[PDB]
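From first to last, the protein sequence lines stand for chains L and M. Residue 1 is where the first sequence starts when you use the authors' numbering, and the numbers rise one by one after that. Residue 1 is where the second sequence starts when you use the authors' numbering, and the numbers rise one by one after that.
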Amino acid sequence: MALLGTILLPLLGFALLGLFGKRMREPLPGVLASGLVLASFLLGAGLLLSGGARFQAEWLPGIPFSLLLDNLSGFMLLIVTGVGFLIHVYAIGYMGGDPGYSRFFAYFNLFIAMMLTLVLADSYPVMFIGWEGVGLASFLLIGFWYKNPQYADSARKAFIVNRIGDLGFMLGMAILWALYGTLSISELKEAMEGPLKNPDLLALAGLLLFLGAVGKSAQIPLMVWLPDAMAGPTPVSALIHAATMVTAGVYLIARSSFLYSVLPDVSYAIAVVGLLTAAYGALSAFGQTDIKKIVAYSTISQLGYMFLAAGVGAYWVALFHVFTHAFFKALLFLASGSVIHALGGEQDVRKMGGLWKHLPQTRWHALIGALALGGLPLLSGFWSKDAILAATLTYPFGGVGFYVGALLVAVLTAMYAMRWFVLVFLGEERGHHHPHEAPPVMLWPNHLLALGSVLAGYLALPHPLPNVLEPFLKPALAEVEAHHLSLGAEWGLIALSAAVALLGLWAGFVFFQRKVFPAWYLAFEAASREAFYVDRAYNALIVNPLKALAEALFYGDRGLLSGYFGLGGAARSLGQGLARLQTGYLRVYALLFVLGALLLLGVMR
Amino acid sequence: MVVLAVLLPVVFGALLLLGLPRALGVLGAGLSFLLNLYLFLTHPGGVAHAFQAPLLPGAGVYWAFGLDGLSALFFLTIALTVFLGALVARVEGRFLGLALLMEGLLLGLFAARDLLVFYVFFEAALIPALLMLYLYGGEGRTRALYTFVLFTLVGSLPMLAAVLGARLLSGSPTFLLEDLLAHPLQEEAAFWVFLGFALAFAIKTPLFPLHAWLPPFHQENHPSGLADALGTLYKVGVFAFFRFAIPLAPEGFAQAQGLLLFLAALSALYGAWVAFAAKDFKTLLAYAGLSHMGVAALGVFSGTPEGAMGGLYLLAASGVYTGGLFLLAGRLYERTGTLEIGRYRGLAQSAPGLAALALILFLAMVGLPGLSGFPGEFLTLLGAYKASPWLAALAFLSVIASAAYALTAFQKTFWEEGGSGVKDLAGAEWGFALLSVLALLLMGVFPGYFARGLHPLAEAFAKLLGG
C-alpha cells in the first residue's frame with residue numbers, strides 16, 4: 001500500500017498544477033514536483049532495501065490489479081526517479097518566463113507516476129495502462145507550446161505510431177489470455193514453463209509484443225516518430241529519450257525473457273532489428289544539420305544497441321547499456337538545452353561554431369557526453385558497448401556479422417559525435433551571446449549527471465573485475481542463461497574496441513574539421529539530412545491513401561443513403577402507378593371490380 | 001420502488017412541457033439521478049423491486065418491472081447523463097420536458113421484465129426524438145426524420161410478428177421473459193424470429209449497411225446536441241440482442257454469428273476510419289458512435305462472457321462520454337456560433353479548462369486505459385479473439401484511426417493559433433465538467449466494483465450457446 005503512494009503523489013501534484021495551476025508563483029511547480037519525485041525515490045529505495053513489495057487490489061473479474069516491486073522493478077524505479085528529479089531541477093532553471101509552468105510540471109508528475117505504474121507491474125494490463133499513459137503525457141508535452149502547428153503534427157504522428165504499437169501489444173495480450181487465462185507475468189511464467197503448447201502462437205504473441213516495443217522505442221519502421229520530439233521542451237526531450245518511453249521496450253523483453261528465451265528465431269529477429277536501427281541512426285545522424293535531431297538519431301543507434309543486446313539474450317547487458325545511456329544522453333540533451341538557452345534558442349548547427357572558448361563549464365559537459373557516446377575507452381559507454389559486442393559472439397543466435405557491424409557502428413558513433421562537437425564548438429564563429437550563458441541550477445544537476453556518467457561505469461566489468469549488476473538482476477527474473485565466454489582473447493577484443501573508438505573519434509575529427517566534404521560525401525550528407533527519404537514513402541502509400549479512402553468511403557456512404565432514397569422513390573413511383581389506376585370513368589371501376597371479384601372467387605378453391 | 005424511479009423523469013418532463021419553469025427540470029433530473037443511484041445500491045439481484053400488474057390479462061400482458069444488475073447501472077448511466085444535459089442544456093426551447101420524457105421511457109425500457117413492455121417502449125421512444133428534432137432546428141429536419149423513423153419502423157413492425165411467434169409457438173402463458181425463456185423455440189422456428197430480431201436490432205444497433213440514419217439524424221437536431229445526446233442513448237439495440245434476441249432464438253444465431261461479427265467489425269472500422277474525413281462535429285461523433293456500437297456488437301456476438309460484459313460496459317460508458325461531447329460541442333456552438341472543425345482554432349488559449357474536459361472525453365473515446373472505455377474495449381477484444389481472431393484483429397485497426405480523428409479534431413479546434421478569444425466557462429458547465437470527469441474516472445478506474453452484476457448474466461447466456 002505504501003508502494004501505491006509513490007504513484008499517488010504525482011497525481012495529487014498533477015491535479016493541483018492542472019486544475020488551478022497558474023494560481024501559483026513561477027518557481028513553485030518545480031518545487032512541488034521535485035518534492036514528490038524525491039519522496040517517491042526515497043520510499044522506493046526504502047521498500048527495495050526492505051526486501052520488496054507486493055500489492056493486490058480488486059479489478060475486472062479474472063483480471064486483478066497486481067503491483068510487484070523486486071530487484072528488476074526497483075532498479076528502473078531508482079533510475080527514473082533520480083534522472084527525473086535532476087531534469088526537474090534543470091527545468092526549474094530552464095523554464096523561465098514561460099507560461100504553463102504548472103502545465104509543464106503537472107505533465108511531468110503524470111509522466112513519472114505512469115512510468116512507475118508501468119514498471120511496477122505483475123499483470124500485462126497494468127503494463128499497457130502505463131504504456132498508453134506515457135504515450136499520452138509525451139504527446140501532451142511535445143505540444144507544450146501549442147500555438148505552433150509545426151509542433152502539433154509531431155506529437156500527432158507520435159501518438160498515432162504509439163497506438164499502432166499498443167494495438168500490437170493488445171493483440172499479444174489477448175493471445176496470452178486465450179491460451180493460459182492468467183495474464184499475470186508471475187503466474188503466467190510459472191505456468192508457461194514445461195509443456196509449451198502451440199509454439200506458433202507463442203512466437204506470434206512474442207512477435208506482436210516486440211512490435212509494440214518497436215513503436216515504444218521508435219525502431220524500424222516506426223523509427224520516424226522520435227526525431228520530431230525535438231519540438232518539445234529540452235527537459236521533456238531528455239525524459240522521453242533517456243529515462244522513460246524507450247526503456248519500456250527493453251524492459252518488456254527483460255520481463256518476458258522467459259518467453260523470448262525459448263524463441264530462437266524471435267530473439268534473433270529482435271537482434272536483427274536492433275542492429276538495423278543502430279545502423280540507420282548512425283548513418284543518418286551526422287547529415288542532420290540540427291543539434292536535437294543529430295542527437296535523436298544517436299538515440300536511435302543506442303536503442304538499436306540495447307535491442308541487439310536483449311535480442312541475443314543479454315538482458316543484463318542490455319540493462320547495462322540502459323543505465324549508461326540514461327546517464328550520458330541526459331547529459332548530452334541538457335547540454336544542448338543550456339546551449340540554445342545561451343543563444344536564445346537559435347537551435348542550428350550551420351549557424352553555430354566556435355563556442356569552445358566562449359563557454360566555461362559547458363564545453364566540459366559536452367565533451368564528456370560526446371566521449372561517452374563515442375565510447376571513450378575509459379568511460380561507462382565503453383564497458384556497455386563492448387559487453388554488448390562480446391555478448392553478440394558469446395550468447396546464442398550466432399553473432400557472426402553483428403559483431404563487425406556493431407564495431408563499425410562504434411566507428412560511426414564516434415565520427416558523428418566529433419562532427420557534432422566540432423561544428424557546434426569549433427571551426428568558425430557565428431551568432432551572438434552577451435549576458436547570461438551559464439546558469440547555476442541548470443549546470444548544477446548536469447554536474448551530478450556528468451559525474452555519474454563518468455562513474456556509472458564499473459558496476460559491470462569483465463569477469464576479472466566485479467560484475468555487480470548481473471547477480472542483482474538475474475535471480476528475481478530473466479532467470480535462464482546459456483552462454484560461453486573466454487579470457488585473454490576477450491581482453492584483446494576489449495583492446496580492439498578501444499582502438500576502434502579512438503580511431504573513429506580522430507577520423508571524425510579530421511573529416512569534420514577538413515571541410516573538404518568530397519562529392520560522394522556531400523550527397524551522402526544531404527540524404528542523411530533528409531533521413532534517407534523515408535517520410536516521403538511513409539506519406540506516399542499509407543497515410544495519404546488512408547485519407548483518400550476516408551474520403552472515398554464518405555462518398556460511398558453518401559451513395560448508400562442516396563440508394564435508400566431511391567428505395568423510397570421506387571415506393572412512391574409504384575404508388576402513383578397504382579394511383580393512376582383510378583381514372584374516374586365508372587366503366588373502368590366496374591371492370592376492375594368484376595375482375596377482382598372473379599379472381600377472389602377463383603382463389604377460394 | 002422501481003416504478004417511481006422510472007416515472008419521475010416522465011412526470012417532471014410533463015411539468016416542464018405543460019407546467020413552468022425551465023429550471024425545475026434540472027432538479028427533477030437530479031432527483032432521478034439520486035434515486036437511480038440509491039436503487040443501484042443495496043441491490044440483491046433481479047427481484048430487487050419486483051412489480052407485477054395486469055395490462056392485457058386475456059392476451060397475457062403484465063406491467064413487469066424490476067432491477068437487474070444491468071438495469072441498475074444503465075439506470076445510473078441514463079439518469080446521470082440526462083441530468084448533466086438538463087443543467088448545462090442552454091437549449092431552453094421549452095422542450096426539455098420531452099428530454100425528461102425520453103429519459104423515463106428509456107428507464108422503463110431497460111426495466112422491462114416482459115417482452116411486450118420492452119417492445120412498447122421501443123416503439124414509443126420514437127415520439128420525443130422526432131419532436132425535439134422537428135421543431136427545434138435543422139434545414140432538412142423532416143427528411144432526416146423520415147429516414148430515421150422509416151428505418152426504425154420498417155425494422156420494428158415485423159418484430160411484432162416475431163414476438164407474437166415467440167409467445168405462441170412456445171406455448172408461453174404470458175409475455176414474461178421468465179416464462180418465454182422457460183419455453184424455448186424449436187429449430188426452423190427460432191430461425192425466422194431471430195432474423196426479424198436481427199434486422200430490427202441491427203438497423204438500430206446500428207451496423208454498417210444500415211447506419212445511414214445516424215449522421216443525418218445527429219446533424220439536424222437542436223445544435224446544442226441535447227436531442228443528439230438522447231438519440232445516442234437510443235442505440236440500446238445491443239442490449240436487446242444479448243437479453244432478448246439471442247436467448248430466445250439461439251438456433252438461427254448459431255448460423256448467423258459469422259455474419260453478425262463481420263458486420264460488427266466492419267462497422268467499427270468504417271466508422272472510426274470515415275470519422276477522419278468528417279469536416280464537422282455532428283458527422284464525426286455520429287461515426288464514432290457507429291464505431292462503438294460495432295465494437296459492442298462484436299463483444300456480444302462473440303459469446304465469451306468476457307466479451308459480452310465488455311461490450312455492454314463499453315456501450316454504457318460510450319453513451320455517457322458521447323453525450324458529454326455533444327453537450328460540449330453545443331456549448332462551444334452557443335458561445336461561437338459554428339461547429340466547423342477548421343475555423344476558430346485558437347480556442348485552447350482562450351478556453352482554459354474546456355480544452356482539458358474535451359481532451360478527457362476524447363481520451364475516453366479512443367479507449368485510453370484509466371477511463372471507462374478501455375475495460376469494455378479490451379474485454380471485447382479478448383472475447384472476439386476467442387470467437388474469431390481475424391475479425392477482432394481487423395476490427396481493432398481502430399485505435400489507430402480513433403486516435404487519428406480524435407486528435408486531429410481536438411488540435412484543429414483548440415490547440416492551434418489564437419483567434420479572437422471565446423467565452424471561457426459557464427457556472428452550470430462547472431458542475432457539468434466536475435461530475436462528468438468524476439464519473440469517467442470512477443467508472444474507468446474501478447470496473448471491478450461496477451460490472452460485477454454483469455458477470456453472471458454474461459456467463460450463463462454465453463454458456464447457453466454451448467452444450
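Every residue, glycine too, gets a C-beta built ideally from N, C-alpha and C.
Interface annotation for the region 46-68 of chain L against chain M: 57, 58, 59, 60, 61, 62, 63, 64, 65, criterion Cβ-Cβ distance under 9 angstroms.
In terms of CA proximity to residue 270/L, 310/L leads the group 310/L, 54/L, 377/L, 378/L. Residue 441/L and residue 394/M have their C-alpha atoms roughly 51 angstroms apart. Listed as beta-bridge partners of residue 52/M by DSSP are 64/M. Collapsing the DSSP output to three states places residue 56/L in a strand. Ranked by how close their Cα comes to the Cα of residue 480/L, the residues 471/L, 464/L, 216/L have 471/L in first place. For residue 68/L, the enclosing beta strand (DSSP E) starts and ends at 65-69. The C-beta distance from residue 313/M to residue 247/M rounds to 19 angstroms, too long to fall under 8 angstroms, and the pair is not in contact. In this structure, DSSP gives residue 525/L a helical state, which the three-state scheme calls helix. In this structure residue 199/L does not touch residue 313/L by the C-beta definition: roughly 18 angstroms separates them, more than the 8 angstroms allowed. Near chain L, meaning a CB-to-CB distance below 7 angstroms, the residues of the region 267-278 of chain M are 270, 273, 274, 276, 277. Around the beta carbon of residue 446/L, 16 or more other beta carbons sit within 10 angstroms, so the residue counts as buried.
In the structure shown, residue 318/M falls within a helical segment according to DSSP collapsed to helix, strand and coil. Straight through space, the alpha carbons of residue 338/L and residue 281/L are spaced by roughly 24 angstroms. Between residue 69/M and residue 453/M a beta carbon distance of about 2 angstroms is seen, short of the 8 angstroms cut, so the two are scored as contacting.
Contacts with chain M (Cβ-Cβ distance below 7 angstroms) from the region 139-165 of chain L involve 143, 146, 147, 149, 152, 156, 159, 160, 163, 164, listed in chain order. The shortest C-alpha to C-alpha distance from residue 451/L to any of 404/L, 367/L, 154/L is the one to 367/L. If you draw a straight line from the Cα of residue 82/M to the Cα of residue 139/M, it is about 26 angstroms long. When secondary structure is reduced to three states using DSSP, residue 369/M falls in the strand class. Contact between the region 400-409 of chain L and the region 51-65 of chain L is absent: fewer than three C-beta pairs spanning the two stretches fall below 8 angstroms.
Rounded to the nearest whole angstrom, the C-alpha separation of residue 106/M and residue 72/M is 13 angstroms. Proximity of the region 243-258 of chain M to the region 447-467 of chain M meets the contact definition, three or more beta-carbon pairs being nearer than 8 angstroms.
Identification of residues in the region 107-118 of chain L having a C-beta nearer than 7 angstroms to some C-beta of chain M yields an empty set.
For the 7 angstroms CB-CB criterion, residue 212/M and residue 560/L form a contact. In terms of CA proximity to residue 223/M, 90/M leads the group 45/M, 90/M, 31/M. Runs of the alpha helix (DSSP H) lying entirely within the region 279-346 of chain M and spanning at least 4 residues, in chain order: 281-301, 305-336. Residue-level contact check: residue 373/M does not touch chain L, since none of the beta carbons of chain L fall below 7 angstroms from its beta carbon.
Here the C-alpha atom of residue 436/L lies approximately 12 angstroms from the C-alpha atom of residue 340/L.
Beta-bridge partners assigned by DSSP to residue 176/M: 114/M. The residue from 157/M, 442/M, 98/M with its alpha-carbon nearest to that of residue 26/M is 98/M. Under the Cβ distance rule, residue 386/M counts among the residues neighbouring chain L, one pair being separated by less than 7 angstroms. In the same chain as residue 579/L, and ignoring 5 residues on each side of it, no C-beta atom comes closer than 6 angstroms to its own. If you check the CB distance, residue 207/M and residue 267/M come in under 7 angstroms. Interface criterion not met: the Cβ of residue 23/M is under 7 angstroms from no Cβ in chain L.
Secondary structure remark: continuous alpha helix (DSSP H) runs of at least 4 residues inside the region 168-210 of chain L, in chain order: 185-192.
Here residue 304/M has 382, 383, 384, 386, 387, 462 as same chain residues with Cβ atoms under 8 angstroms from its own Cβ, once five neighbours each way along the sequence are excluded.
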